[PDB]
Structure formats: structure tokens, C-alpha cells
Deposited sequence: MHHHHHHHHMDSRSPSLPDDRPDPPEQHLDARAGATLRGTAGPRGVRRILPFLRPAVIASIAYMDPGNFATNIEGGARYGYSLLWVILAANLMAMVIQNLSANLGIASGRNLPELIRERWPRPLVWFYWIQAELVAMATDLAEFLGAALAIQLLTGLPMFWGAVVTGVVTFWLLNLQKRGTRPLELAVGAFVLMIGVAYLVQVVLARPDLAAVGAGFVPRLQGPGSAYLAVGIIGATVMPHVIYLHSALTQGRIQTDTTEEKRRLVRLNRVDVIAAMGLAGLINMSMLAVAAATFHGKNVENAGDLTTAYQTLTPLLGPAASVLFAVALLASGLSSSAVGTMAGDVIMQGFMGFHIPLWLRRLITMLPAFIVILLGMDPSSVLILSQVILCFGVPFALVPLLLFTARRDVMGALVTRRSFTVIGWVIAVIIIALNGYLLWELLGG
């Protein structure tokens, strides 16, 4: 189902880095960020899936077929940058997990991950790979209960509070890792077909089934993300630990549960998430290219081009977790440019048919878009001026 692929993409190294760094640096105070981002992601993924089901065309294809040529050029370029950032995050996460597993430097780890992507790109194994991530998520769900978190701080973390200079930055990172624009584009394509009869009855059936699937998947994965942040908080926040929040250290979150094999299991799960999410990211990037332009560059060429930012970042000596969080921030910045056409098209009868979005949900989505735009503007204000 498309919800499985969306949940695979929602469990990427970017999500891992954001959850762990948020926990370690700010305690439970971003649980409300995670919850709100998960709700917005539910709404937006539902809107994109409904767009796909009702119109038969995905969001990039509709943009290309309905909007002026220069606007389509701009949209293709921005979506390509979004895909570059997403694949950078996921590929560098896979490389960092290879490093944690074997001991190789980041360069040769990225080389091994490139060989693995070459081996995979020949082609059902990504859901099996994702099962590792699902199991480490269950491990986190148990570790939350076992770690005995401070329920007072946990409850206080659900009240919306941006406290500190980098709090807005990390909340933007969480929102970008949860509401992924490449997945906003890809979800419409995942439900484009499989419709034997174009009737409104079957379209409504698909809409409801996909709604249930995506809500279940996003709810489970948001429970997992909140659990990861809570364990990271209870593990590194109050205690003064060096390099707290780095994914190299994050294995200590599951030490009281797994024991000596905690680091190996965390490295394996992060590699699994990196590979699966990178496959999903290359799929979404090819869908973006096709929908926006009409033609396609070779898949191996796109893979080799998307490896270039990863290898450049490795050569620059930049920190992997830091650049992952930055990539998720860039994704959050890219979110509104994808939300606007989605809302406009889902509020149109000539596009949706009898499945036009309810005006209440359209207003909710516009409120979400305004919130995200204001948060991105506030982050830009803090990062550039006073």
C-alpha cells in the first residue's frame, strides 16, 4: 500500500537525527512539535492521495498541464532541490550506519552504500528492509515505558512552546522530516492507477481505504518518533554527555534494553532505514522529473548525481547528523511550495470531480500552510537578522 511507502520515507535518517537531537538537547519540549507535524502530515498525505485517486494525475503532472511554463520551470527546480536534499540525508544516513557497523571512514562507507544502491537498482526487498526499522521502533516503544520518564516533563512537552534560539530550527527540522515534500509529490502518483472503473463509488472506496491506511501508518510511526524523542531526552538531556544527540551515540538510548548488541542493532536499523528511504527518494525524484518535464534522465544518472552532494559533504568534513538536520530544515522550507498547488487543486471541481475536498479540511490545510510559512519566516528571521 502507499501508506507503507509513506511510513518508510517517514522513518529516514533525517527523522532519526531530528528525534535524537531534539530529545538530547531540549528534553520532551518538542513532543508537541512531533504531534502537530504528524497531524499535518496525515492531513496533507490524505489530500495528495485524494488528488491522485480523483484526478488520475499526480501533483507535478497537474502543475505542468495547468500552470504557465515559467512557473512549471520554477516548480521543477525547487522540487529537484527538495529531492536532492532528501536523498542527501538518506544516503549519508546509510553511509554513517555503514561506518558505525564496520569502522570504515565516511568516504568508503558512502562507496559501499553506492555499491549497494547499484546492486538494488536492478530489481519487494525494501519492505523487508523496513521491517528492521519497524522492530527498532517497537524497541523504542518498549524502552519508553522501561526508562521511567518524568511524566511531568512529558506532559509539559505537549504544550506548544518554542524555548531557545535553536528551538525553532529543530522544530522546523522535525516538521520537514514529518511532512516531506517529496512524499507529498509521490503519494499522488502511488494512487494514480489500480482503478478498474472510474466511478465515484470506487473512487470514494479507494479514498476511505487509503485514509485508514495512512492514518494507521502515520499514527504508529508518530508514536515511534515521540518514543524515540522521549528516550533520547531521558537518556541525554538532564545528564551532561559529550556529543549528546549524535547518531553515533544514539545507540545508548537502547542500551538498558538490548545490552551489548545495542550499537550493532541500531547501526543495522539505521542502514535499513537509509537504504529503504533512499530507494523511495529516488522513486519520488524520478516521479518529480517525469511529472514536471515529460522526459526522464537515466535512473543510474540520477543516482550518480544525487550521490554528488553526499560525497561533497563527506569531503568537506561536515558532521553527518548536522547536515541531516539541515536537510530536513530545507525540506520544511520546501513544504509550502508543494502545499499551495495541492490545496488549490483539491479545492477544484474540474480536477477532483465529485471528490472535492470539504471546505473545512481545505481551511484546515490553509491554516497549516500559514503556520508553516510563518515558522519558516521566523526561522529565517532568527538565522539572518535580529
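Unmodelled regions (deposited sequence positions with no C-alpha coordinates, counted from 1) are 1-53, 177-182.
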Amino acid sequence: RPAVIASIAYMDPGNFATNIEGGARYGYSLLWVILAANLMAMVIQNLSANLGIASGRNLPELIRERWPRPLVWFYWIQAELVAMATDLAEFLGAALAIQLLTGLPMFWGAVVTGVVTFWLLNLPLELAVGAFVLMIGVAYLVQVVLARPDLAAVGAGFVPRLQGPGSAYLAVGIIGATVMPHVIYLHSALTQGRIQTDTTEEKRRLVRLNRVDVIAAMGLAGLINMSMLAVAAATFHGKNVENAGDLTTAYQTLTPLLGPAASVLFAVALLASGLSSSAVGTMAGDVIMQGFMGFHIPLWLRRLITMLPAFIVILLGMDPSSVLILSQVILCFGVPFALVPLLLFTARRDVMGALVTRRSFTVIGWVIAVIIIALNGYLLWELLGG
From here on, numbers count along this sequence of modelled residues.
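Between 193-201 and 235-243, the higher mean Cα B-factor belongs to 193-201. Higher average CA B factor: 313-321, of the stretches 313-321 and 343-351.
Highest C-alpha temperature factor among 173, 181, 157, 285 per the entry: 285. You'll see in the entry that, of 228, 217, 308, 94, the Cα B factor peaks at 308. Placement of the Cα temperature factor of residue 177 within the chain: lowest third of the modelled residues, per the deposited record.
Sort the chain's modelled residues by C-alpha temperature factor and residue 137 lands in the lowest third, per the entry. In the deposited entry, the Cα temperature factor of residue 255 sits in the middle third of values across the chain's modelled residues. Placement of the Cα temperature factor of residue 153 within the chain: middle third of the modelled residues, per the deposited record.
Residue-level temperature factors show residue 118 in the highest third of its chain, judged at the C-alpha atom.
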